[PDB]
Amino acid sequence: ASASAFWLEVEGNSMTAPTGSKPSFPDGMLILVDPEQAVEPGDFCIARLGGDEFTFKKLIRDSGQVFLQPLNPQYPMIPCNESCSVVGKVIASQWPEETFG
């Protein structure tokens, strides 16, 4: 983790995998984002979309095209082209301490 890494809290159910699937990042978990670490296909990342909004997804590539893939099958895949940029690689994830008291 570089000096640029920062923690974010997962929002929504787009990265919550179906029961029996892994990994899975339910709403409420914390994820560590590191801007200084490259994101390769298969890695989890934070990406910046058209409206400059941040999104937490898995970066994948198929037939030469890059997409932002959610772990929740009910959510759509997002083409990652010119208007999209990678903010950082997700390198860690844990439940906050408070979860256990």
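Residue positions are given as counts along the sequence shown, with the first one as 1.
Novice: Got a sec? Mean C-alpha B-factor, which is higher, 27-35 or 62-70?
Specialist: Mean B over CA atoms: larger for 62-70.
Novice: Which is higher on mean Cα B factor in this entry, 72-80 or 52-60?
Specialist: Result of the comparison: 72-80.
Novice: Comparing against every modelled residue in the chain, figure out the third that the C-alpha B-factor of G12 lands in (lowest, middle or highest).
Specialist: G12: CA B-factor falls in the middle third of its chain.
Novice: Could you look up the Cα B-factor of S4 in the entry and say which third of the chain it sits in: lowest, middle or highest?
Specialist: Middle third by C-alpha B-factor.
Novice: When the deposited Cα B-factors of this chain's modelled residues are ordered and cut into thirds, is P18 in the lowest, the middle or the highest one?
Specialist: Middle third.
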